[PDB]
Amino acid sequence: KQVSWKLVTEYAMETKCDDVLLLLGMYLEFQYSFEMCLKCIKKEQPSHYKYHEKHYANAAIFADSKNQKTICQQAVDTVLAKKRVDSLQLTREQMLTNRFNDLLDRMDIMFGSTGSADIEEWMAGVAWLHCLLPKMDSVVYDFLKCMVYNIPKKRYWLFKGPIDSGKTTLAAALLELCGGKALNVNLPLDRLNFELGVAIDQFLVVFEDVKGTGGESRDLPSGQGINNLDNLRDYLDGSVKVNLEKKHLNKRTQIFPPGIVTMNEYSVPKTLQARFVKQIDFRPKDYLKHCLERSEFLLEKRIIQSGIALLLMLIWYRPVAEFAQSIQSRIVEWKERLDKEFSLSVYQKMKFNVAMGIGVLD
Amino acid sequence: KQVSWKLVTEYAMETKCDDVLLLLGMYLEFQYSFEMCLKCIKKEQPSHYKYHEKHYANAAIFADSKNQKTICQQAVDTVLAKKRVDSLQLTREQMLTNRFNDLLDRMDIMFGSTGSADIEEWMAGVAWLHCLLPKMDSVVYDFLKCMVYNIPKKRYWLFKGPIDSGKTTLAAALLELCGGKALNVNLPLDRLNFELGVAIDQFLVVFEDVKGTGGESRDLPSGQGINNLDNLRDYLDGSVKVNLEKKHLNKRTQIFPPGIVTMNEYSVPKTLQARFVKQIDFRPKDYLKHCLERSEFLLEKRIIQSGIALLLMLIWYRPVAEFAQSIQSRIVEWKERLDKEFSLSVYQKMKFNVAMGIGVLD
Amino acid sequence: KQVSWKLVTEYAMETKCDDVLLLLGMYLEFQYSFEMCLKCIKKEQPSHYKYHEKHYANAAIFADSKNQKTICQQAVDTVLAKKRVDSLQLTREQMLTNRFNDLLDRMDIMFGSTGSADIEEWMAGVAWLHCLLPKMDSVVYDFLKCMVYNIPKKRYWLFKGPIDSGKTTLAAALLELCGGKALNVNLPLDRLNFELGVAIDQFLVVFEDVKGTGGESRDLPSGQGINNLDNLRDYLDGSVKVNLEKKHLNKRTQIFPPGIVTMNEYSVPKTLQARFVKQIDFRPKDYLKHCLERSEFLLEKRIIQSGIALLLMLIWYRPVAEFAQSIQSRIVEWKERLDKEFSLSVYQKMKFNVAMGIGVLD
Amino acid sequence: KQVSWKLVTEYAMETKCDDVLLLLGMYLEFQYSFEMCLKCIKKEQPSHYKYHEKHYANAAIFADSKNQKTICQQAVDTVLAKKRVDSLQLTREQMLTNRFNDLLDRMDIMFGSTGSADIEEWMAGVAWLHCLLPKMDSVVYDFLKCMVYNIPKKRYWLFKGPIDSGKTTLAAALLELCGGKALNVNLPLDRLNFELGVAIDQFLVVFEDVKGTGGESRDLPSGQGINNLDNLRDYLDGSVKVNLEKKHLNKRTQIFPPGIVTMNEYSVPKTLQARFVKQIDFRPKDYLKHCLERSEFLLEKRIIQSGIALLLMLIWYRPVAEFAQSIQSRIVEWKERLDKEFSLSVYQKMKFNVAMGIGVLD
Amino acid sequence: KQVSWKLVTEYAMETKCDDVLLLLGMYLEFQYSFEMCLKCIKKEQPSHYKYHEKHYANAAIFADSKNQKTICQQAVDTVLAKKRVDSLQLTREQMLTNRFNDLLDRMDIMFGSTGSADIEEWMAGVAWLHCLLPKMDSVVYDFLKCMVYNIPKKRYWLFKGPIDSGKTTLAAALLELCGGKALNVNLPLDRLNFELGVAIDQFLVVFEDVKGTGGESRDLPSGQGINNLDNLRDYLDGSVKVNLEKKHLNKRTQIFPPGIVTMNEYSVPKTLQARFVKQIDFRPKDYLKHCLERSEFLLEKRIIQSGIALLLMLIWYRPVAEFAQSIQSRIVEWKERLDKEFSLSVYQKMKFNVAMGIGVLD
Ligand SMILES: [Zn+2]
Ligand SMILES: [Zn+2]
Ligand SMILES: [Zn+2]
Ligand SMILES: [Zn+2]
Ligand SMILES: [Zn+2]
């Protein structure tokens, strides 16, 4: 009779779906009676089995509409219209809490009744990560406060180290823990601005492997990335706003996002150095490598690079009140979960096993 | 049933909202009953709580409308249309007063009971800023008269100074007080029109850190800024109109905007120098530097580079009749609030502190 | 009167038809009575005769409809939408089984009573192919497990060999058995992203004939392939996601696909070599060469490079349980047909022939 | 009342019209009573006088429609939708037969009651062509079987010869006899792919005048075309499919089409040579030139370059059963036509006249 | 109420109006009553006064129509559609007669009672032009026959001469008499296709001032024209079709148009020279030069370079039967008017004047 465009927009806003084709393809699965849906019975996809029921009726009418895409276009624009509002209205801590909430939804399913994730292998990831840097759980908390506070000339951390030292991994988990885009400044001074535009609306940015000049004697390729950063002081310390680009034309004007610079031991100009409020030197450690050699699951399952392993470390080490009021109920809920499955002496042993480089789970 | 396109346009026009996705996002939040509206109950957004009730009805119908996007378009074209009308019809002073009303709009909120802004700190900034130059409030006033009057060969100021000397800060605060855009002219003589086109319809312009080839011994980079500036004499003194490029074509033909040129102490050709009606030299001052070290909040909350700090200086030093008739009543309103809050002896101790380099609030 | 958009979409969805002009072309052939339909009477096209009757009615109305094109669009967006859904929700094994069902779909037709394919010849290809490498069926199986498992640093195979050595053939057959795209990386270090973007949503990738600067004496060209590969270590071992360029912008962010690298015997940097979990060397064999000279049909009917030849090898050598539960019944169906058609002693004489270099069917 | 979009699509599909403007302009000529049409009475254009009658009525209503182009747009898309189907469904021999049928329609009018063509001048063209190469009629048949069979590593012929030797002419008639696009590989390695995309959906391709390096001593310009061909082995012998481009993005992936390479006597690398299954050396012959000097009509009327002269040679020399069943009825029909107007001794004399270089028709 | 789209299309078709904005502009002038129409009363525009009355009614309704633009579109597509039809169906002579009718259309107006053209002056031009070359009217006639016949290797004329020698003038007059475009080939060998594409659907072409590298001593520039021409032998002699580029792609495939080549006395390669069926040499003549000095009106009113001057020469010298049957009656009409206006003895004195270099009207 008359397809309800509203319900479709609701489903989209509930699934957080900003892809028109992906929305179309999912709403259409609902057109079949749920009174038999195996996707639901078998709980295949949460984005499906939690809405099929409610939307059967409307999806059945939807499958007969003459402009299903136009409808999905408005549902999507709605998700984007909201993503644009929060962009200007939400505070940074709220930005961070939403990210956090989205990661918990991911964790709720991973370690749930209908999920594959093995939490024991993920706490092993926490043990390995907490052995990568001293007072690692305090570091992540600090980093998070640095990013949310986002204060001029104190918004960037510099990860320096050889390859396979750990900065890339920690810098990756940190990225996913907060949401944000990595960028590449090892480009020609004219190709730069396009890349810099990527950081639009982002919470944080990670300048992956910035290459410098000097050090070719130590087998390190000369690049202009370091040189470009020293020319992007305005961006890094962000005291005033900046104009960002995309679509071959100027878009947003804002405070460049705070972040991390991953580097490979190139000499740094004193003017560049001064832009980093914190520096972390990573050196490859033998036991850590050996631990992995005897714990393939941490790599093959991409656990130690996952921002989830870091959120997990927080929930496990950090005091509840350190989180936002709004999300604390969900945090205590996970602490109890965790505390109920792992004792301290068990988690501690995992850390001991890493130190001995033998296999977290031995 | 029958959504009102004019009611949405009203909302857009009173929010000065030129963003479609944003307008859409804002409006859809009014579909919910405002009775138990927390956003209103907590008064978290002026652009929301001030209009939710009046638009509840309309928004609720808008929610079930099939072309929400199209409705928002017309509302935005109406706002762009109004801005196109002011570009061609308001006097520069009417342009400056609207800008002032807008900043004031923020001040009511920042310093309101919902805002988080500390007015003592923003007055600490007036004091610090008032120690950056001799007779600073008169310096600001003149600039303003200069910009509004926009008179041939007497519309450009040259801020010359080392680094961390204040020119960047004052040029930034001035940029925000009047509206306008910063421009980079240290570019390829052909990738110039690109940037010069950003000046379209802008009130004033600021060429930041113009660099010259001449000079190098004193540690100053190359850049072609000075060079380029000398080839834009017609844009600078504005005796006749000019053709500005944007959208990768020739849009607006207008008198190029007045403004400032920030520079780092190079050799300025006589022909270029003759283009500036006034030139200010900034030399690093220890007390101002030490003072910041002890007055972190000035930089951390981006106060000294705010056009709001400067608007507070005019309201605090200058007489009412100096403002546009249309706004005075609002200024007087502020003077009183301010005079009720700070004694001249208090404000004076503040400048004394900056003078002794010890943080304004001691 | 009132054409059914859903009936056309059904037709499009069951033909996996993503082409609009093509869908339109197909559907308009159903407007004619199927009673005296020669295309059906002669069963010349599965995508036609299998659906003509069910769609006669609809097609006849479609013929007098004013927006046939628009109808076809939605039907295509529905198919693209389904493909967008599988990209994000199927496991790699479910991806491999669909691919297998499709190839099987062809096999039913090629070897059917309407097809022109000689099954003895395609079994001559299994034999020839089974003489190209030791334990070839186990080699194929592993690759498959490798690709499906897509595990960090253990997802790339290196096919190294001269020319006319078999690597090109096997890499082509393997490419068709799993789906995927061939890629050329011997390009300008900037005209690279272009090609790397072709890997988007693909199941596996094949970098064909990667060339290196090192080496030249032995008559091998220059090319920058090896060079480039070494700069794509992150795309190869797939520990973390990557941003792929297509449409002249940044589309999909995904784990780069697993695959093969075909190479012509250059010097492979240790850092690059460490990127391949397995390496196969192909050396020209006389009997295989002579055998082709006498087994023209193998090359002339493009059989040895077919993924169909290889699917026939798995069905012929491998046990049922090795296949996905969902498909086995169809394989068993084929095994029987095959076992009823060829005796092991016959197939063995075939390999003996390839061994003596005299054409498989003597 | 209501314009019949269907009839318009039928006319378009009957005229094989894929040009919207050309369709619009022709359907509109039908709006006038045919009961007086001089275009019909005078039989000016077959595309007009064979449909005016049937379409008057509908064209009269058409001339009053408010969106004649939208209608013509669907008629066209229909012709393209069909051209796309046959692209995937028709066999190569059917592809060739359709071409053949289209050439007969052209010949039916040329030598008909309302046509200008003089068949005697066209049989003179056949006599001249059959004197250009030994057993010429067997050559064309062979070439046609080579093209239809389209077998890997046996799909290309190489025409080598000085200028005005005859390869260009024969290669042109062959092109038109089969339908297909010529391409130019004498382009920069980066401009290549654009050109190569032209061969999409084509029956055959003709690489016109490929220039090499070496031979500048014999007054031959150095080019990179030969060099590019040796880099297009995959394309030439076509054992596996290839990706083709257009519209600045990737389109079809298919077996590159078979064809001819016209060359000017440059040395050929043994690796390139091996790609041509046949080579034909053309040497300018005196009597042939003299014959033309005394037979201007063969050139001024473009007869010896016309694919029609070749189809005519076939019908005249070849046995009916050598053609496809479907088209034989039409072939015997032309043989009788021909046999009724030209005796063997007459045609033979024409061949004798060419040999003597004096004028086919003397 | 209900505007007629066909009536507007009629207006567009009879004005040969291919401009949308222009058509719209013209039509809206008919909405006003034609009773007191001054434009009609004063007969200032044929494209106006000749149709105002018949369209008053329609135009008045058109004025209140909501989609005037869309109506005009169809009317223009109808005119473009007609032109697309003539491109493919008229004989070159029918093309030349339409062109002649059009120029004649102007002549009726220029020399009418509303026009400002002095016919004595335009006959002064025939005389001057008739002294520029021996047997000029026969020279014009031949060119015309040449162009219409468009016969292989006999379609290009070479106008070779110094400067101010007449070649430019005659080539311009000839260009206007037949229709066509001027082309610049002294360009980059890659920015050539651009210009060559302008020849699309044109009747004849004129390569103006082709320059050669050879030669320089005699004060002649460089340019690559001659060079390029020699690489376009296939475009020049038109034995086979060619692919022309426009819209930045490959549009029309056609026989390249016939025409003239204007040149300034360089060295023309034999291979290039063989491309011209006729070559005319222009050498500066004093009397012709002096004559202009005293016959300013010839240059000032752009008469000697007009195709109208030349059409007047054919009507004045040539016999009726030489024209197309379809137009003769109109020519005879003109001959009489002309013979009634000028005696042969008068016209002869005119040539005598040009001969003595003293202005034709003395
Ligand atoms: Zn379901
Ligand atoms: Zn509210
Ligand atoms: Zn059928
Ligand atoms: Zn007719
Ligand atoms: Zn009028």
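Letters A, B, ... are given to chains in the order of the sequence lines, protein chains preceding strands, and every chain is numbered from 1. When a ligand or atom number is given, it counts from 1 through the structure's own listing order. Note: hydrogens, waters and symmetry copies are ignored here, and every other heavy atom, side chains too, is used.
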Open item on the list: Taking side-chain contact (heavy atoms from CB on, under 4.5 Å) as the criterion, tell me which of C/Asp18, C/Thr9, C/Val8 meets it with C/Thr78.
Closed with: C/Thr9
- [ ] Ignoring hydrogens and angles, tell me if any N or O in the side chain of A/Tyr11 forms a donor-acceptor pair with the backbone of A/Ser47 under 3.5 Å.
- [x] yes
Would you mind writing out the side-chain donor-acceptor pairs for residues 90-99 of chain C within the sub-3.5 Å range, not counting sequence neighbours?
| residue | atom | partner | partner atom | Å |
| --- | --- | --- | --- | --- |
| C/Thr91 | OG1 | C/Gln94 | N | 3.2 |
| C/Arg92 | NE | C/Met147 | O | 2.8 |
| C/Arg92 | NE | C/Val148 | O | 3.3 |
| C/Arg92 | NH2 | C/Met147 | O | 3.0 |
| C/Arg92 | NH2 | C/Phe203 | O | 3.0 |
| C/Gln94 | OE1 | C/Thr91 | N | 2.8 |
| C/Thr97 | OG1 | C/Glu93 | O | 3.0 |
| C/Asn98 | ND2 | C/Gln94 | O | 2.8 |
| C/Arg99 | NE | C/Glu176 | O | 3.1 |
| C/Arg99 | NH2 | C/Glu176 | O | 2.8 |

Open item on the list: Does this structure show an ion pair linking D/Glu29 with E/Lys82, if we count only N-O contacts that are shorter than 4.0 Å?
Closed with: yes
TODO: Anything protein N, O or S sitting under 2.8 Å from the Zn ion (ligand 1): count it and give me the total.
DONE: 4
Task: Basic-acidic side-chain contact under 4.0 Å: A/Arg84, A/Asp201 - done: no
Task: Distance-only polar pair, side chains of A/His55 and A/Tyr27, donor-acceptor under 3.5 Å - done: yes
